[PDB]
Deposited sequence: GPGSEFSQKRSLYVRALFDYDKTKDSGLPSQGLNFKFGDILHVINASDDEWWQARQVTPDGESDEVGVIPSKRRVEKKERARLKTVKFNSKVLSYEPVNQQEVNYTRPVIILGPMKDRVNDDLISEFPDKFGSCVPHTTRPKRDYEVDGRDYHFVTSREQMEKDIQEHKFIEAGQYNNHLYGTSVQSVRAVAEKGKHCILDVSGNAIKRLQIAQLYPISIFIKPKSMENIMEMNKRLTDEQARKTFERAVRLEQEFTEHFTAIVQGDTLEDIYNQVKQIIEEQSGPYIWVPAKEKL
């Protein structure tokens, strides 16, 4: 049958021209499509982490959703998904404002279910550092670079003219040890992990406003709040298709609780993945 991840938000009340009672959903939701026949509207049911809703509603077709979206600018509708079995604990990528706090809280509050991978660096090992503990210390920039071009790293960067990178093997190492690897990385690492058959749980924290940002962090100035909100907008525009979920709240506590639940809901041995 056809199972789909919703890449956008749908509100019945907002849409006119519905043939039957619609089914309104949120981004990230998984929908079971009962009949795709009409070239306009589809009949689907919501798929919950617990059950499968006994209900039916009308959702716009992929075709319909796209014409509407394309009509504006001078396209995200539905991502077909399959249920897949995993032998590993999925990595976790939180993105958006407050993500760092959310990362710190997961590791602190649940040390057994969460952890950090060992990154690679070309920075010369200090006498007190142990290779394999702090970093995997690469003794050749040439080698480090060849590793990068060969896609050994899901992310790489520079600090004080030293190369740093986050290895796939290194992430897979925590994943197989039974912990969610908490990654501080950009939206680009998401696809690489997927390509690597390690499917991260990717959660974006979407600020409702600049005020929303300022309320959760009271020590930010207007300039900072403005900047923080503006980079969250482009982050969302760039990576949206690659998010497993998007969360909003009026408080950090509210956001955090949601991420804990989503991670829980996404942490089973069977997960929904793109069909390809």
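K.L.:
Deposited sequence versus model: which ranges have no CA atoms?
P.N.:
Gaps vs deposited seq, in order: 1-10, 85-91, 294-296.
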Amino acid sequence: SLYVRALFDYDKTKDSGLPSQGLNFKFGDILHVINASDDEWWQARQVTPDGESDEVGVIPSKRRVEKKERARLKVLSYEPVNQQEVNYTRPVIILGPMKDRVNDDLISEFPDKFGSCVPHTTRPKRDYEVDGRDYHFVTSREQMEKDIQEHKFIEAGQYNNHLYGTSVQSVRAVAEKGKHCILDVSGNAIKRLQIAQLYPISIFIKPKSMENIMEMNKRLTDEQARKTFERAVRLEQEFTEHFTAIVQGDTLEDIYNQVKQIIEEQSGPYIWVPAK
From here on, numbers count along this sequence of modelled residues.
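K.L.:
Between 90-98 and 152-160, which has the higher average C-alpha B-factor in the PDB entry?
P.N.:
Per the PDB entry, the higher value belongs to 152-160.
K.L.:
Which is higher in the entry, the mean Cα B factor of 124-132 or that of 192-200?
P.N.:
Comparing 192-200 with 124-132, the higher mean C-alpha B-factor belongs to 124-132.
K.L.:
Out of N212, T221, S37, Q237, which shows the largest CA B-factor listed in the entry?
P.N.:
Of the options given, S37 has the highest CA B-factor in the PDB entry.
K.L.:
With respect to the C-alpha temperature factors reported in the PDB entry, which of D250, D29, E241, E52 ranks highest?
P.N.:
Result of the comparison over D250, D29, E241, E52: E52.
K.L.:
What third of the chain does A245 rank in for C-alpha temperature factor, lowest, middle or highest?
P.N.:
CA B-factor rank for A245: lowest third.
K.L.:
Place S20 in the lowest, middle or highest third of its chain's C-alpha B-factors, as listed in the PDB entry.
P.N.:
Highest third - that is where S20 ends up once the chain's C-alpha B-factors are sorted.
K.L.:
Considering every modelled residue of the chain and its Cα B-factor in the PDB entry, is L76 in the lowest, middle or highest third?
P.N.:
For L76, whose C-alpha B-factor we compare with every modelled residue in the chain, the answer is the highest third.
K.L.:
Ordered by C-alpha B-factor within the chain, which third holds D11? Give me lowest, middle or highest, please.
P.N.:
Ranked within chain, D11 CA B lands in the highest tercile.
K.L.:
Quick check on the deposited entry: does the C-alpha B-factor of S170 sit in the lowest, middle or highest third of its chain?
P.N.:
Lowest third.
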